[PDB]
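So the sequence shown is residues 57 to 343, 353 to 428, 1011 to 1057, 1074 to 1131, 446 to 495, 506 to 551, counted in the entry's author numbering.
Beta carbons are placed, not taken as given, at the ideal position from N, Cα and C, and that holds for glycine.
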Amino acid sequence: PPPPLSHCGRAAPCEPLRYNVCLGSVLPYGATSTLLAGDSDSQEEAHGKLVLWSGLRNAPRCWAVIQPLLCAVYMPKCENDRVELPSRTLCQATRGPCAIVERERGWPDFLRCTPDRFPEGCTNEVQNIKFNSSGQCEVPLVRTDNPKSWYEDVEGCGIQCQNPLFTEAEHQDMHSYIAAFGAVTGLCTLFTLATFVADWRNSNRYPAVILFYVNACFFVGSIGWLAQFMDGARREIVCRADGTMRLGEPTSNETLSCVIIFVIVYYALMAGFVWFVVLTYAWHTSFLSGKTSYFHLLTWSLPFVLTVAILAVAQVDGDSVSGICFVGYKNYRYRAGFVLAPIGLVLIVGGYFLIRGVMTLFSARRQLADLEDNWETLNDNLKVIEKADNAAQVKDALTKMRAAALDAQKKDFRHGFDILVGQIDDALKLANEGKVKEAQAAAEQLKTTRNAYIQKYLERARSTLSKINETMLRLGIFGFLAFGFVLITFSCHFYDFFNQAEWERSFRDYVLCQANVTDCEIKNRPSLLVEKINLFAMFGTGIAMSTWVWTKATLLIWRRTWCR
Ligand SMILES: CS(=O)(=O)c1ccc(C(=O)Nc2ccc(Cl)c(-c3ccccn3)c2)c(Cl)c1
Ligand SMILES: *[C@@H]1O[C@H](CO)[C@@H](O)[C@H](O)[C@H]1NC(C)=O
């Protein structure tokens, strides 16, 4: 029994302990003092302050070091009218893990590690006392030892893998939607690819070959989206090794599984849009075999660059609702710059080719509509000269035929119309002179020039309009239909980015309030039905482009291979 040092003590009247327990541990000493605790001026009041301090049970790292400190200040050892001052080593041990205390409320003057009221080289009785109460994390926080997993300053607790803003039943509902849409797309797109490889001889040709790689992109995308449906795959792709949600991937000492599924989904998504722009450019140029090298470069290099960029900045995060890893689930700025930015460009570039595509379709359609209008004006006015008996009537119909000839005129075509124009002038002089018989005979000469040379150009014009009937219009229908779905996808990704500033605030507010309790309400969360609309647009194009081989010719392709 050695006598303790003068500086490690403080002269105080020692009153007996009311409670024989401090924060779930027995006390050996009998007397205490309420002067070390500034706020407390009674033992009952000290226990009333200790029960508020015990609210730090959550966050084990702080709770493990604050328990011997709180008992050394509020319920300390008092013997021979002197209270034991707590050692600075016991005090400094809290400064680090209990950094949350300084931030949330701030350390009081009596609980600050100053050389006075906290001296060095002092042996405490609380140091001998062992506390077994620790390791408590309030859900949605899960107990983890990984420092790169601890949510905010709550050292010891990390954010759980399952999204706390959505229920277990709601997850099941979204996963049922992804399974159904994924399987239908997966089977439809594979069928198209199987039909294309079966007739590869004829199939590897523009513009049909474009749709083959389009489907290939939607097939790979389906594999990545359906990957979560393997036993325990969703809680391997989206969940970290400790059980926390995956963030900032590629991260150190963690399975590549997350960035694998991200690369498969995002790359096949982006390459699908570059192949869409190729399809729209093909519909523009239809009105290309030597450009195959240029097509395959941009469709596989540009998405590669964007994917490598995301992996370099490490912005791959995982959502339990989607069941896949993606760019910018946490930091939406990186999502907009890598999802809305390229999808924004494909609507500008791809759309421009669809606009100039219909522009040329209706321009060439108008050319024959105007030339057939002038053909009838010539035919009807010739019947007027035939019907006419007056020299003024013949003169009137020839002047109408002359204006219609010049209107239809605007080298092989120019030479032919000059003969007709010249013949009208030769006929016009006869009408001016008063001759009706000679002018009517001259009009019949225009019929022979029309019936053998001008007729051939009209026949060639009507034939080109019949060329547009099937494939020329089919590619356009698929191009506009795909554009529609891309416009839906853009709107859904934009809606998310728009409200992600408030959804971050509401997610943070719900997790931090549930961290401590002896009700918490979700302010606002992202709309799942809008996410279902996005998946309807994504998988919708997958099935919509799969209908290219939905022709009568493909039925005979499968019948021929059946015999083989
Ligand atoms: C509240 S938060 O943590 O900011 C958060 C949480 C979840 C999301 C979110 O929308 N997740 C999600 C949930 C479900 C789906 Cl299907 C998707 C999706 C849709 C289309 C393409 C790829 N993934 C995405 C977002 Cl943007 C933000
Ligand atoms: C629990 O943590 C919140 C901050 O997330 C804080 O406002 C609250 O005071 C803490 N509870 C206790 C009892 O200290």
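Spatial neighbours of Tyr130 in its own chain (CB-CB distance under 7 Å, excluding positions within 5 residues in sequence) are listed in chain order as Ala93, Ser96, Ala102, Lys105, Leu106. Unbroken alpha helix (DSSP H) stretches of 4 residues or longer found wholly inside the segment 193-254: 224-254, given in chain order.
When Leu1109, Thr88, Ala155 are compared, the shortest CA-CA separation from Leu112 is found for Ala155. In this structure, the C-beta of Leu282 stays at least 7 Å away from each heavy atom of ligand 1. The C-beta distance from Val270 to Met532 rounds to 5 Å, short enough to fall under 8 Å.
Assignment of beta-bridge partners to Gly1085 by DSSP yields no partner.
Around the beta-carbon of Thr245, 16 or more other beta-carbon atoms lie within 10 Å, marking it buried. Contact annotation: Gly388 and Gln380 have beta-carbon atoms that are not nearer than 8 Å. DSSP places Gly415 in the helix class (H, G or I) of the three-state scheme.
As the crow flies, the alpha-carbon of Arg1077 is around 15 Å from that of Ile1087. Ligand 2 has no heavy atom closer than 7 Å to the beta-carbon of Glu176. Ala67 is bridged by DSSP to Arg138. Between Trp535 and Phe455 the beta-carbon gap is near 7 Å, inside 8 Å, which marks them as a contact. For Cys295, the number of other beta carbons within 10 angstroms of its own is at least 16, and it is reported as buried. In the same chain as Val82, and ignoring 5 residues on each side of it, the C-beta atoms closer than 7 Å to its own belong to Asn76, in chain order. As for any alpha helix (DSSP H) of minimum length 4 sitting wholly inside the segment 112-172, the runs are 116-130, 144-151, 155-160, ordered along the chain.
The distance from the Cβ of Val321 to that of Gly383 is about 11 Å, inconsistent with a contact at the 8 Å cut-off. Inter-segment contact for the segment 283-292 and the segment 245-260 is absent: fewer than three beta-carbon pairs are separated by less than 8 Å. Rounded to the nearest angstrom, the gap between the Cα atoms of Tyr417 and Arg551 is 45 Å. Nearest Cα to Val414 within the set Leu1128, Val330, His231: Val330. Here the segment 228-238 does not lie against the segment 196-208, with fewer than 3 beta-carbon pairs under 8 Å apart. Assignment of beta-bridge partners to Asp384 by DSSP yields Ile389. Residues of the same chain with a CB within less than 6 Å of the CB of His63, apart from the 5 flanking positions on each side, are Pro175 in chain order. Annotation for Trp545: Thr251, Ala254 place their beta carbon closer than 8 Å to its own, counting only its chain and skipping 5 residues before and after. Fewer than three Cβ pairs drawn from the segment 64-75 and the segment 181-190 lie within less than 8 Å of each other, which leaves the two stretches out of contact. In this structure, the alpha-carbon of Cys490 lies about 24 Å from that of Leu126. According to the DSSP secondary-structure assignment, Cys490 is paired through a beta bridge with no residue. Taking every protein chain shown into account, the CB of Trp256 has fewer than 16 other CB atoms within 10 angstroms, so this residue is exposed. Counting C-beta atoms within 10 angstroms of its own C-beta, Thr548 has fewer than 16 neighbours from the protein chains shown and is therefore classed as exposed. Close CB contacts of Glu226 within its chain, under the 8 Å cut and outside five residues either way in sequence, are with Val386, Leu515 (chain order). Residues of the same chain with a CB within less than 8 Å of the CB of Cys469, apart from the 5 flanking positions on each side, are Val517, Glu518, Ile520, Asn521, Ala524 in chain order.
For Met301, the pairing in a beta bridge is given by DSSP as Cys295. If you compare the alpha carbons of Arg144, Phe427, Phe369 with that of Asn180, the shortest gap goes to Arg144. Residue pairing by DSSP places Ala87 opposite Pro72, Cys134 in a beta bridge. Counted as a single uninterrupted DSSP element, the alpha helix (DSSP H) harbouring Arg1123 occupies residues 1118-1128. A Cβ-Cβ distance of about 16 Å is found for the pair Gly328 and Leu282, leaving them out of contact under the 8 Å criterion.
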